[PDB]
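Residue numbers (the entry's author numbering): 1 to 45.
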């Protein structure tokens, strides 16, 4: 599956597209990526 990483896991790199960097460092959207612990991208906080 798609498994590109970013954030704390990548040592402070962003997603290539505007995706939410999850808790686990992977890019995506919705409550599973942006919903709490969102490191970079389309995050609320």
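Using N, Cα and C, we set each Cβ at its ideal position, and we do this for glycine too.
Residues sharing a beta bridge with residue 21, DSSP: Answer is 27.
Whole-angstrom distance between residue 24 and residue 42, CA atom to CA atom: The C-alpha of residue 24 is placed about 16 Å away from the C-alpha of residue 42.
Nearest candidate by alpha-carbon position, reference residue 1, set 27, 39, 37, 36: Of the candidates 27, 39, 37, 36, the one whose C-alpha sits nearest the C-alpha of residue 1 is 27.
Exposure of residue 7, with buried meaning 16 or more beta-carbon neighbours within 10 Å: Residue 7 comes out buried.
Residues that DSSP places opposite residue 7 in a beta bridge: Residue 7 is bridged by DSSP to 13.
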